[PDB]
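Asker: What follows is a structure written as structure tokens; I'll ask about it next.
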Amino acid sequence: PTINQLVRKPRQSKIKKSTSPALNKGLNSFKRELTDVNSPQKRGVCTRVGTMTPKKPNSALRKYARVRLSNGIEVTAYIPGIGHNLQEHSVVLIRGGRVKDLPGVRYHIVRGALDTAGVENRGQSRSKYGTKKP
Amino acid sequence: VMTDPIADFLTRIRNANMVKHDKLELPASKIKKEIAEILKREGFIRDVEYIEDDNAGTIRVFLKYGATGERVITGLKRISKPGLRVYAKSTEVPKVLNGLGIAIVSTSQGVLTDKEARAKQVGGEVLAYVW
RNA sequence: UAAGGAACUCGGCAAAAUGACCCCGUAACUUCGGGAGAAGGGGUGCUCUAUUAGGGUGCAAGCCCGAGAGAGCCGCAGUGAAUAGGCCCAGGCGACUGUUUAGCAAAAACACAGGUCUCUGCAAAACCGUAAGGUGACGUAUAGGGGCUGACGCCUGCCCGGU
RNA sequence: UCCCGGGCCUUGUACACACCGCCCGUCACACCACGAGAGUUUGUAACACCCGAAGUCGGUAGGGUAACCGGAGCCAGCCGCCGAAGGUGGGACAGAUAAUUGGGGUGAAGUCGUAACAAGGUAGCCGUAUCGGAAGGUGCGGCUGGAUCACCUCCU
RNA sequence: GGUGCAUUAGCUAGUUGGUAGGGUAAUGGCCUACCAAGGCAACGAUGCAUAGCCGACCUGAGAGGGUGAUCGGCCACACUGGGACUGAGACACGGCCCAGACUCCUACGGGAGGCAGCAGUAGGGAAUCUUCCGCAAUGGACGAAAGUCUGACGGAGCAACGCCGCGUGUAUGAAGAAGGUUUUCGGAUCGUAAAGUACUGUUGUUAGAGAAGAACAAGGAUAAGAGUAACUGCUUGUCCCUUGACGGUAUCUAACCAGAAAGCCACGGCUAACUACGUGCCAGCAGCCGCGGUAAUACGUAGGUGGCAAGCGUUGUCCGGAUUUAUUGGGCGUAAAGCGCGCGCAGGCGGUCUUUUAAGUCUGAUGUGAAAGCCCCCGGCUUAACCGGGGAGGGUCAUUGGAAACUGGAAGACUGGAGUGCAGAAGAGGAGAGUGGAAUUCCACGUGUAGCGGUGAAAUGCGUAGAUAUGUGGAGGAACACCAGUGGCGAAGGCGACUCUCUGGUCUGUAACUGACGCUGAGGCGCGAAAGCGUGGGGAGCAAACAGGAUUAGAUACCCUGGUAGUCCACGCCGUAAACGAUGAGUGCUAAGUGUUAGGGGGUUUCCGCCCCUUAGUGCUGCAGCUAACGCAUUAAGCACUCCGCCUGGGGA
Ligand SMILES: [Mg+2]
Ligand SMILES: [Mg+2]
Ligand SMILES: [Mg+2]
Ligand SMILES: [Mg+2]
Ligand SMILES: [Mg+2]
Ligand SMILES: [Mg+2]
Ligand SMILES: [Mg+2]
Ligand SMILES: [Mg+2]
Ligand SMILES: [Mg+2]
Ligand SMILES: [Mg+2]
Ligand SMILES: [Mg+2]
Ligand SMILES: [Mg+2]
Ligand SMILES: [Mg+2]
Ligand SMILES: [Mg+2]
Ligand SMILES: [Mg+2]
Ligand SMILES: [Mg+2]
Ligand SMILES: [Mg+2]
Ligand SMILES: [Mg+2]
Ligand SMILES: [Mg+2]
Ligand SMILES: [Mg+2]
Ligand SMILES: [Mg+2]
Ligand SMILES: [Mg+2]
Ligand SMILES: [Mg+2]
Ligand SMILES: [Mg+2]
Ligand SMILES: [Mg+2]
Ligand SMILES: [Mg+2]
Ligand SMILES: [Mg+2]
Ligand SMILES: [Mg+2]
Ligand SMILES: [Mg+2]
Ligand SMILES: [Mg+2]
Ligand SMILES: [Mg+2]
Ligand SMILES: [Mg+2]
Ligand SMILES: [Mg+2]
Ligand SMILES: [Mg+2]
Ligand SMILES: [Mg+2]
Ligand SMILES: [Mg+2]
Ligand SMILES: [Mg+2]
Ligand SMILES: [Mg+2]
Ligand SMILES: [Mg+2]
Ligand SMILES: [Mg+2]
Ligand SMILES: [Mg+2]
Ligand SMILES: [Mg+2]
Ligand SMILES: [Mg+2]
Ligand SMILES: [Mg+2]
Ligand SMILES: [Mg+2]
Ligand SMILES: [Mg+2]
Ligand SMILES: [Mg+2]
Ligand SMILES: [Mg+2]
Ligand SMILES: [Mg+2]
Ligand SMILES: [Mg+2]
Ligand SMILES: [Mg+2]
Ligand SMILES: [Mg+2]
Ligand SMILES: [Mg+2]
Ligand SMILES: [Mg+2]
Ligand SMILES: [Mg+2]
Ligand SMILES: [Mg+2]
Ligand SMILES: [Mg+2]
Ligand SMILES: [Mg+2]
Ligand SMILES: [Mg+2]
Ligand SMILES: [Mg+2]
Ligand SMILES: [Mg+2]
Ligand SMILES: [Mg+2]
Ligand SMILES: [Mg+2]
Ligand SMILES: [Mg+2]
Ligand SMILES: [Mg+2]
Ligand SMILES: [Mg+2]
Ligand SMILES: [Mg+2]
Ligand SMILES: [Mg+2]
Ligand SMILES: [Mg+2]
Ligand SMILES: [Mg+2]
Ligand SMILES: [Mg+2]
Ligand SMILES: [Mg+2]
Ligand SMILES: [Mg+2]
Ligand SMILES: [Mg+2]
Ligand SMILES: [Mg+2]
Ligand SMILES: [Mg+2]
Ligand SMILES: [Mg+2]
Ligand SMILES: [Mg+2]
Ligand SMILES: [Mg+2]
Ligand SMILES: [Mg+2]
Ligand SMILES: [Mg+2]
Ligand SMILES: [Mg+2]
Ligand SMILES: [Mg+2]
Ligand SMILES: [Mg+2]
Ligand SMILES: [Mg+2]
Ligand SMILES: [Mg+2]
Ligand SMILES: [Mg+2]
Ligand SMILES: [Mg+2]
Ligand SMILES: [Mg+2]
Ligand SMILES: [Mg+2]
Ligand SMILES: [Mg+2]
Ligand SMILES: [Mg+2]
Ligand SMILES: [Mg+2]
Ligand SMILES: [Mg+2]
Ligand SMILES: [Mg+2]
Ligand SMILES: [Mg+2]
Ligand SMILES: [Mg+2]
Ligand SMILES: [Mg+2]
Ligand SMILES: [Mg+2]
Ligand SMILES: [Mg+2]
Ligand SMILES: [Mg+2]
Ligand SMILES: [Mg+2]
Ligand SMILES: [Mg+2]
Ligand SMILES: [Mg+2]
Ligand SMILES: [Mg+2]
Ligand SMILES: [Mg+2]
Ligand SMILES: [Mg+2]
Ligand SMILES: [Mg+2]
Ligand SMILES: [Mg+2]
Ligand SMILES: [Mg+2]
Ligand SMILES: [Mg+2]
Ligand SMILES: [Mg+2]
Ligand SMILES: [Mg+2]
Ligand SMILES: [Mg+2]
Ligand SMILES: [Mg+2]
Ligand SMILES: [Mg+2]
Ligand SMILES: [Mg+2]
Ligand SMILES: [Mg+2]
Ligand SMILES: [Mg+2]
Ligand SMILES: [Mg+2]
């Protein structure tokens, strides 16, 4: 536009949107109000463990969890690796990462950080899945 | 209406170059005299003459082309428009096309090219780029 | 009338409570007028400054009217007696003011402004009377009589076989 | 002339698994987010009155009192203004929650029809009004983002 | 000078100014009495939300974007509110008084407290350290001085948290040890890596030597000074003596040992690095494209390889790539994007010349922009990191001196813009009043007999109560046949029978007149097809809704027969359209060819007519140029300047 037009009202840029809303939120129990702080991991107790099927054309059975975070938000996570040991009423650590096949799953459960244990008989890429040196 | 007579001088030359016109004439003004006179100093235009009339006089410019019809002027640009005037300090005077072109500056010592301005440590309004 | 304060009862029926003047302040909703005295609060006595500051009247003498303030004084209490709105939230019905069963029912009933259908060309239709004579009307379809509905807002669907 | 299979040219296309294509809306089921909702419950900043500690200031001081000339001055006590917290009242704003409800989105296989894409079998679309299970139909005005069917006019 | 919201438009009453006084270190509504009604705001007041500010830090080619931890400067706070005393300085972190919440001691009367000081504890969290040693150095408070105090500060401890340095051995050694892993079974690869021989000690273990950081102060002798009647004493100079937490720390030399010291992620493409076996849309992988359905270089494990290395990967946040908010550096015919159109306040921009001024503009000097940090040049730690010395940069900064081209201000001058005058022309431009002829419908009367009407076929319907057809007359309403034409007029919507009245604009010629009087134009005010709404009329044709007949598997439709609102008029609303050239307004420049509307000039000719030139419109074809293409092309979507409007993936919407 013309310079005079561009002075009367300047250029406003677009605002990005975070893809992990629950990870970057806090809580204050004294005030019962969510505070705005960023955080790479959060922990919570899982309330339901199960599976659903991915979108087309995939056909597997993906093992998920339903975790209640420490700041009081109910989210859906995903267990990587072959086989786990999760049960209802278990404390786990979640971290960022979205899985494409699953519709609503937006977080990953880290393996080897808390009650959740590492994957059995992992020989390579062991830093992920939290399996110690054999 | 007419808001920038200097821009017309710049664009009339450009419009005549595309069709290889050998001359053009346009209403005269004091500031256009130096700009047209400057171009003759570096060979950008082959000649210039003044015609005296009632209203403001008239100036015609004779364009220049090389042997086998190559343009001598390959572009003209206006910098300090009426909507946004620009000014340059002594060290901010540019070099159009890495010294192969010229810039016309309206200093406090007169209208003179960029090369001459840096020899006198003066600034002013940058008027045109000719290359 | 101690303490309680609707526990009474079909139902706060009856009683209690508010009540004057001056100042501050005031919601939803609205047909923009209202609601509204919404709600909720504060001040009032007497003495001195004081025939005040200032007004009405008169030629002047004089007479009448009387805000703000300051300082004080006295009571449990100062419109010290009598007279003088209780208020708020939500729903049904009727738009409203009005009328009604003299002597059991005052209302959600009747009326109403507005809507619509229909009859009437003037010796009008309609009504009283056996008739004469009248009202309608000393009017004339923007007028007159009858039936239904009832401010205002949005609307008023299908059936003409039967009467 | 029609029915079937095929060959050339042209036209339109939202088709390319290539019309046995593509694709619209209601209805039944499941999930998710958002709005309304008789109400309920947390919190923020103020405002108007009532009451008002400490304290500085102002007035008295009949009680106490070494310096200075009984006097002065001083102090305790009492009184007045201002005043934090507290109480009462009507509003403003922000979040959560609530029987129920409204449209929206997602789900290969369910039911109904086939509105659009070819002249899509009534050309389509835009504004508006009315009607209908549903896509939608019809009236009025407008557009070509129409292949079309006939005389004339301009350009090559 | 440095932030978001207009889906936050009014705010304020000691508020705004004045007069007299009080109070303060000091001016001042800082406070009080009187007087007046002012003050702020679209250049964004007020309100809500968020936030300590800066030097600087990260990123970036730069312009910018994000941040304000550590170090330095300023500010505010000290459990939460309020108040004052003492003092040069406080409304006071380890001071006082009152009120509140909490913890503790009470003999029930009353009392005592504040780690956002250094350590440490519980809690919250994905997440952060020792309840250590010294005043030896530096700086503080007190003292005349030794000296006392100093969780400031010097050191030590824990944590791969980051940056820097180098150690996990060197050299020679096979057509090539064994063993893995594959093989069309010959071989290939791990691999010169083994093993062998020769060598080294950075690191390790042991034992010996052992720094700087120290200047001091005080105390003792002197010497010289100012001051002295004279000392004591004071100031400066030189000698003597004295002090280490770190710590026997750093650092040397003596010997023995290849011995105690390598992991992490990827190998389909992006992107450097591929083969076997297992599984069989299962297990599973994934940043995107997407891999897996009994021969997977993509899943799991091996062999091999590739990137780094005391690390390596994942997650979260910021900048870049992103020209994806485009000042540098984008756009709006068909992809998102020109308001439906006009009149215009504020604002933005503005023809030619002369004189002057110096606000903008350019330039010199002075003051300042602390230190640390980035950058440049030197020097110390065995190198580096790190630390010193000097410099540079960094401002729409303040005072002062110059220049006058450009923008601005002032004084004049001109006519190519704009407007008036004078002479002509064309037009369905608008409002009001009246009139005309075809045609449809209804009504009355002659003539006349059996059908008419309708469809792809039919039927409903009309007709013997005499229709359709035909001749005559009457009533009423709506639209204007031919002319009629990518013809005309208007800002757009739009305007077509005729006459008159009242009115707006445009074009051409002249050069008399004024002399820049102009363009665009957010808010504001008006106009604005059709449908629709209110009140009063009118109602011939047409016709949503509706009814009947057909078609169809069904047909709330297309087709047929009827038909109400509406369409028409007056007044008042509504404010939309594919309101379209899907193209904002103004101005100038840039090949031609040819129709047409309204004018002007010239030549031929008596006219007519033909030709040429020119102004303003309206169409077609085409060059340069532009475009993704289609296409536009003097009526631009080409080349330029000014102002306004709008856009930033789709759905939700
Ligand atoms: Mg992997
Ligand atoms: Mg009692
Ligand atoms: Mg009592
Ligand atoms: Mg009570
Ligand atoms: Mg009660
Ligand atoms: Mg009882
Ligand atoms: Mg009862
Ligand atoms: Mg009573
Ligand atoms: Mg008086
Ligand atoms: Mg009384
Ligand atoms: Mg009373
Ligand atoms: Mg009543
Ligand atoms: Mg009675
Ligand atoms: Mg009679
Ligand atoms: Mg009679
Ligand atoms: Mg009579
Ligand atoms: Mg009438
Ligand atoms: Mg009614
Ligand atoms: Mg009734
Ligand atoms: Mg009504
Ligand atoms: Mg009815
Ligand atoms: Mg009947
Ligand atoms: Mg009948
Ligand atoms: Mg052939
Ligand atoms: Mg396709
Ligand atoms: Mg169809
Ligand atoms: Mg219909
Ligand atoms: Mg139509
Ligand atoms: Mg089309
Ligand atoms: Mg400021
Ligand atoms: Mg004063
Ligand atoms: Mg003030
Ligand atoms: Mg503000
Ligand atoms: Mg960049
Ligand atoms: Mg920068
Ligand atoms: Mg800190
Ligand atoms: Mg605390
Ligand atoms: Mg003091
Ligand atoms: Mg305090
Ligand atoms: Mg202190
Ligand atoms: Mg302070
Ligand atoms: Mg302090
Ligand atoms: Mg403390
Ligand atoms: Mg206490
Ligand atoms: Mg601490
Ligand atoms: Mg802890
Ligand atoms: Mg914890
Ligand atoms: Mg010390
Ligand atoms: Mg010291
Ligand atoms: Mg001293
Ligand atoms: Mg001590
Ligand atoms: Mg210590
Ligand atoms: Mg320290
Ligand atoms: Mg370390
Ligand atoms: Mg680690
Ligand atoms: Mg082998
Ligand atoms: Mg072998
Ligand atoms: Mg050694
Ligand atoms: Mg030793
Ligand atoms: Mg030793
Ligand atoms: Mg010392
Ligand atoms: Mg000494
Ligand atoms: Mg001596
Ligand atoms: Mg001596
Ligand atoms: Mg000495
Ligand atoms: Mg030793
Ligand atoms: Mg040595
Ligand atoms: Mg050795
Ligand atoms: Mg590769
Ligand atoms: Mg396989
Ligand atoms: Mg891969
Ligand atoms: Mg693999
Ligand atoms: Mg391997
Ligand atoms: Mg390797
Ligand atoms: Mg390293
Ligand atoms: Mg890392
Ligand atoms: Mg990351
Ligand atoms: Mg950018
Ligand atoms: Mg773009
Ligand atoms: Mg444009
Ligand atoms: Mg489109
Ligand atoms: Mg578009
Ligand atoms: Mg337009
Ligand atoms: Mg202006
Ligand atoms: Mg100018
Ligand atoms: Mg100007
Ligand atoms: Mg500096
Ligand atoms: Mg060096
Ligand atoms: Mg340094
Ligand atoms: Mg330096
Ligand atoms: Mg000049
Ligand atoms: Mg001068
Ligand atoms: Mg003119
Ligand atoms: Mg006319
Ligand atoms: Mg007209
Ligand atoms: Mg006729
Ligand atoms: Mg048939
Ligand atoms: Mg007839
Ligand atoms: Mg026009
Ligand atoms: Mg006129
Ligand atoms: Mg006219
Ligand atoms: Mg015209
Ligand atoms: Mg003149
Ligand atoms: Mg205009
Ligand atoms: Mg406007
Ligand atoms: Mg209409
Ligand atoms: Mg009407
Ligand atoms: Mg009507
Ligand atoms: Mg039907
Ligand atoms: Mg009909
Ligand atoms: Mg009208
Ligand atoms: Mg709309
Ligand atoms: Mg529109
Ligand atoms: Mg149109
Ligand atoms: Mg448009
Ligand atoms: Mg233009
Ligand atoms: Mg143009
Ligand atoms: Mg033309
Ligand atoms: Mg989106
Ligand atoms: Mg969006």
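How things are named: the first chain in the structure tokens is A, the next is B, and so on; residues count from 1 in each chain; ligands count from 1 in the order shown.
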Within 12 Å of ligand 24, which residues show up when you count only C-alpha atoms (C1' of nucleotides) and all ligand atoms? List them as a list in words, please.
Answerer: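 Here is the list of contacting residues: residues 6, 7, 8 and 9 of chain D.
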Asker: Could you dump the residues just selected with N, CA and C atoms (P, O5', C5', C4', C3', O3' and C1' of nucleotides) as a PDB file, in the first residue's frame?
Answerer:
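Saved file result_31.pdb follows:
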```pdb
ATOM      1  P     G D   6     -17.684 -50.430 -28.789  1.00  0.00           P
ATOM      2  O5'   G D   6     -17.044 -50.078 -30.204  1.00  0.00           O
ATOM      3  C5'   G D   6     -15.950 -50.833 -30.696  1.00  0.00           C
ATOM      4  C4'   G D   6     -15.699 -50.602 -32.167  1.00  0.00           C
ATOM      5  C3'   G D   6     -15.165 -49.242 -32.565  1.00  0.00           C
ATOM      6  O3'   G D   6     -13.790 -49.080 -32.276  1.00  0.00           O
ATOM      7  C1'   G D   6     -16.839 -49.904 -34.083  1.00  0.00           C
ATOM      8  P     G D   7     -13.199 -47.612 -32.012  1.00  0.00           P
ATOM      9  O5'   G D   7     -13.108 -46.978 -33.466  1.00  0.00           O
ATOM     10  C5'   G D   7     -12.399 -47.642 -34.499  1.00  0.00           C
ATOM     11  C4'   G D   7     -12.362 -46.817 -35.757  1.00  0.00           C
ATOM     12  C3'   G D   7     -12.080 -45.342 -35.561  1.00  0.00           C
ATOM     13  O3'   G D   7     -10.702 -45.083 -35.374  1.00  0.00           O
ATOM     14  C1'   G D   7     -13.874 -45.615 -37.074  1.00  0.00           C
ATOM     15  P     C D   8     -10.220 -43.668 -34.803  1.00  0.00           P
ATOM     16  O5'   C D   8     -10.161 -42.752 -36.098  1.00  0.00           O
ATOM     17  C5'   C D   8      -9.975 -41.357 -35.975  1.00  0.00           C
ATOM     18  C4'   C D   8     -10.517 -40.617 -37.167  1.00  0.00           C
ATOM     19  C3'   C D   8     -10.913 -39.180 -36.898  1.00  0.00           C
ATOM     20  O3'   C D   8      -9.810 -38.299 -36.870  1.00  0.00           O
ATOM     21  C1'   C D   8     -12.648 -40.243 -38.065  1.00  0.00           C
ATOM     22  P     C D   9      -9.496 -37.477 -35.530  1.00  0.00           P
ATOM     23  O5'   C D   9     -10.367 -36.157 -35.692  1.00  0.00           O
ATOM     24  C5'   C D   9     -10.271 -35.378 -36.871  1.00  0.00           C
ATOM     25  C4'   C D   9     -11.433 -34.432 -37.018  1.00  0.00           C
ATOM     26  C3'   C D   9     -11.786 -33.604 -35.798  1.00  0.00           C
ATOM     27  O3'   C D   9     -10.925 -32.497 -35.609  1.00  0.00           O
ATOM     28  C1'   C D   9     -13.757 -34.471 -36.760  1.00  0.00           C
TER      29        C D   9
END
```
Asker: Residues within 9 Å of ligand 115 (only C-alpha atoms (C1' of nucleotides) and all ligand atoms), as JSON, numbers by chain?
Answerer: {"E": [338, 339, 340, 578, 579, 580, 582]}
Asker: Please identify all residues of chain B having at least one atom at most 12 Å from any atom of chain A, considering only C-alpha atoms, and return them as a list in words.
Answerer: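 The selection requested is residues 81, 82, 83, 84 and 85 of chain B.
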Asker: Leaving out residue C:65 and any residue of its chain fewer than 5 positions from it, which residues lie within 12 Å of it when counting only C-alpha atoms (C1' of nucleotides), given as a list in words?
Answerer: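 After dropping sequence-adjacent residues, the list is residues 54, 55, 56 and 57 of chain C.
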Asker: Go ahead and save the picked residues with N, CA and C atoms (P, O5', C5', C4', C3', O3' and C1' of nucleotides), as a PDB file, in the first residue's frame.
Answerer:
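So the final result, stored in result_26.pdb, reads:
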```pdb
ATOM      1  P     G C  54     -26.184  42.300  51.747  1.00  0.00           P
ATOM      2  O5'   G C  54     -27.396  41.563  51.021  1.00  0.00           O
ATOM      3  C5'   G C  54     -27.213  40.919  49.768  1.00  0.00           C
ATOM      4  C4'   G C  54     -28.352  39.984  49.451  1.00  0.00           C
ATOM      5  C3'   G C  54     -29.678  40.639  49.117  1.00  0.00           C
ATOM      6  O3'   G C  54     -29.739  41.124  47.790  1.00  0.00           O
ATOM      7  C1'   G C  54     -30.049  38.903  50.658  1.00  0.00           C
ATOM      8  P     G C  55     -30.933  42.103  47.357  1.00  0.00           P
ATOM      9  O5'   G C  55     -32.106  41.106  46.954  1.00  0.00           O
ATOM     10  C5'   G C  55     -33.413  41.594  46.719  1.00  0.00           C
ATOM     11  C4'   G C  55     -34.459  40.586  47.115  1.00  0.00           C
ATOM     12  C3'   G C  55     -35.850  41.149  47.340  1.00  0.00           C
ATOM     13  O3'   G C  55     -36.563  41.370  46.139  1.00  0.00           O
ATOM     14  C1'   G C  55     -35.286  39.771  49.152  1.00  0.00           C
ATOM     15  P     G C  56     -37.148  42.831  45.829  1.00  0.00           P
ATOM     16  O5'   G C  56     -38.596  42.799  46.484  1.00  0.00           O
ATOM     17  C5'   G C  56     -39.503  41.752  46.182  1.00  0.00           C
ATOM     18  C4'   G C  56     -40.718  41.805  47.071  1.00  0.00           C
ATOM     19  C3'   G C  56     -41.288  43.188  47.334  1.00  0.00           C
ATOM     20  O3'   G C  56     -42.084  43.685  46.274  1.00  0.00           O
ATOM     21  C1'   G C  56     -41.102  42.037  49.370  1.00  0.00           C
ATOM     22  P     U C  57     -41.999  45.239  45.875  1.00  0.00           P
ATOM     23  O5'   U C  57     -42.672  45.990  47.105  1.00  0.00           O
ATOM     24  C5'   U C  57     -44.026  45.749  47.449  1.00  0.00           C
ATOM     25  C4'   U C  57     -44.376  46.363  48.779  1.00  0.00           C
ATOM     26  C3'   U C  57     -44.155  47.857  48.905  1.00  0.00           C
ATOM     27  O3'   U C  57     -45.161  48.642  48.293  1.00  0.00           O
ATOM     28  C1'   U C  57     -43.269  46.793  50.796  1.00  0.00           C
TER      29        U C  57
END
```
Asker: Hey, list the chain D side of the contact with chain A: 12 Å cut-off, only C-alpha atoms (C1' of nucleotides), answer as a VMD selection string.
Answerer: chain D and resid 31 to 32 42 to 43 95 to 96 106 to 108
Asker: Which value, in Å to one decimal, gives the distance between atom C1' of residue E:60 and atom 1 (Mg, counted along the ligand's line) of ligand 78?
Answerer: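 Those two atoms sit 10.0 Å apart.
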Asker: Neighbours of ligand 117 at 12 Å or closer, counting only C-alpha atoms (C1' of nucleotides) and all ligand atoms: which residues, as a list in words?
Answerer: residues 1 of chain B; 585, 586, 587, 588, 589, 590, 634, 635, 636, 638, 639 and 640 of chain E
Asker: Please find the residues contacting ligand 89 at a distance of at most 10 Å between atoms, with only C-alpha atoms (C1' of nucleotides) and all ligand atoms counted, and report them as a ChimeraX atom specification.
Answerer: /E:372-373,386-388
Asker: Could the residues in this selection be written to a file with N, CA, C and O atoms (P, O5', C5', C4', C3', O3' and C1' of nucleotides), as a PDB file, in the first residue's frame?
Answerer:
```
ATOM      1  P     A E 372      35.991  -1.235  30.345  1.00  0.00           P
ATOM      2  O5'   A E 372      35.136  -2.571  30.474  1.00  0.00           O
ATOM      3  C5'   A E 372      35.538  -3.603  31.359  1.00  0.00           C
ATOM      4  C4'   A E 372      34.422  -4.580  31.629  1.00  0.00           C
ATOM      5  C3'   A E 372      33.959  -5.417  30.452  1.00  0.00           C
ATOM      6  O3'   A E 372      34.808  -6.515  30.168  1.00  0.00           O
ATOM      7  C1'   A E 372      32.082  -4.522  31.530  1.00  0.00           C
ATOM      8  P     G E 373      35.264  -6.815  28.655  1.00  0.00           P
ATOM      9  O5'   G E 373      33.902  -7.138  27.896  1.00  0.00           O
ATOM     10  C5'   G E 373      33.170  -8.318  28.191  1.00  0.00           C
ATOM     11  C4'   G E 373      31.910  -8.426  27.367  1.00  0.00           C
ATOM     12  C3'   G E 373      32.088  -8.425  25.860  1.00  0.00           C
ATOM     13  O3'   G E 373      32.478  -9.685  25.344  1.00  0.00           O
ATOM     14  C1'   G E 373      30.367  -6.928  26.436  1.00  0.00           C
ATOM     15  P     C E 386      36.664 -16.777  26.539  1.00  0.00           P
ATOM     16  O5'   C E 386      37.564 -16.613  27.841  1.00  0.00           O
ATOM     17  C5'   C E 386      37.113 -17.064  29.111  1.00  0.00           C
ATOM     18  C4'   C E 386      38.175 -16.872  30.163  1.00  0.00           C
ATOM     19  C3'   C E 386      38.636 -15.443  30.377  1.00  0.00           C
ATOM     20  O3'   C E 386      37.768 -14.721  31.231  1.00  0.00           O
ATOM     21  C1'   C E 386      40.519 -16.858  30.190  1.00  0.00           C
ATOM     22  P     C E 387      37.550 -13.144  31.027  1.00  0.00           P
ATOM     23  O5'   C E 387      38.900 -12.500  31.570  1.00  0.00           O
ATOM     24  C5'   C E 387      39.345 -12.764  32.888  1.00  0.00           C
ATOM     25  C4'   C E 387      40.770 -12.318  33.088  1.00  0.00           C
ATOM     26  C3'   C E 387      41.068 -10.881  32.722  1.00  0.00           C
ATOM     27  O3'   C E 387      40.659  -9.972  33.724  1.00  0.00           O
ATOM     28  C1'   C E 387      42.756 -12.279  31.850  1.00  0.00           C
ATOM     29  P     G E 388      40.487  -8.422  33.368  1.00  0.00           P
ATOM     30  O5'   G E 388      41.968  -7.854  33.459  1.00  0.00           O
ATOM     31  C5'   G E 388      42.252  -6.537  33.030  1.00  0.00           C
ATOM     32  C4'   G E 388      43.718  -6.340  32.761  1.00  0.00           C
ATOM     33  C3'   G E 388      44.047  -5.152  31.880  1.00  0.00           C
ATOM     34  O3'   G E 388      44.062  -3.936  32.599  1.00  0.00           O
ATOM     35  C1'   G E 388      45.195  -7.042  31.079  1.00  0.00           C
TER      36        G E 388
END
```
Asker: Quote the spacing between atom 1 (Mg, counted along the ligand's line) of ligand 6 and atom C1' of residue C:7 in Å to one decimal place.
Answerer: 8.2 Å
Asker: If we count only C-alpha atoms (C1' of nucleotides), which residues of chain E reach to within 9 Å of chain B? Please list them as a PyMOL selection string.
Answerer: chain E and resi 348-353+361-363+403-407+414-417+518-519+586-591+624-625+639-642
Asker: Neighbouring residues of residue C:20 were defined as those with any atom within 10 Å, considering only C-alpha atoms (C1' of nucleotides); residues of the same chain fewer than 3 positions away were excluded. Please report them as a list in words.
Answerer: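 Neighbouring residues, sequence-local ones excluded: residues 79, 83 and 84 of chain C.
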Asker: Give me a file of those residues, with N, CA and C atoms (P, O5', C5', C4', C3', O3' and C1' of nucleotides), as a PDB file, in the first residue's frame.
Answerer:
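See out_23.pdb below for the written result:
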```
ATOM      1  P     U C  79     -36.489  14.610  64.618  1.00  0.00           P
ATOM      2  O5'   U C  79     -37.680  15.228  63.765  1.00  0.00           O
ATOM      3  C5'   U C  79     -37.870  16.631  63.727  1.00  0.00           C
ATOM      4  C4'   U C  79     -39.239  17.023  63.230  1.00  0.00           C
ATOM      5  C3'   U C  79     -40.408  16.803  64.173  1.00  0.00           C
ATOM      6  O3'   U C  79     -40.501  17.823  65.152  1.00  0.00           O
ATOM      7  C1'   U C  79     -40.988  16.135  61.973  1.00  0.00           C
ATOM      8  P     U C  83     -52.296   9.638  64.873  1.00  0.00           P
ATOM      9  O5'   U C  83     -52.426  10.374  63.473  1.00  0.00           O
ATOM     10  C5'   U C  83     -53.670  10.889  63.030  1.00  0.00           C
ATOM     11  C4'   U C  83     -53.482  11.847  61.886  1.00  0.00           C
ATOM     12  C3'   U C  83     -52.637  11.347  60.734  1.00  0.00           C
ATOM     13  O3'   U C  83     -53.350  10.492  59.862  1.00  0.00           O
ATOM     14  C1'   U C  83     -52.004  13.555  61.290  1.00  0.00           C
ATOM     15  P     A C  84     -52.713   9.096  59.401  1.00  0.00           P
ATOM     16  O5'   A C  84     -51.596   9.525  58.359  1.00  0.00           O
ATOM     17  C5'   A C  84     -51.914  10.417  57.301  1.00  0.00           C
ATOM     18  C4'   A C  84     -50.757  10.602  56.357  1.00  0.00           C
ATOM     19  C3'   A C  84     -49.727   9.474  56.347  1.00  0.00           C
ATOM     20  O3'   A C  84     -49.324   9.202  55.008  1.00  0.00           O
ATOM     21  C1'   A C  84     -48.659  11.538  56.734  1.00  0.00           C
TER      22        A C  84
END
```
Asker: Can you work out which one of E:631, E:89, E:155, E:125 has the shortest atom-to-atom distance to chain A, counting only C-alpha atoms (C1' of nucleotides)?
Answerer: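 So, comparing all the options, the nearest one is E:125.
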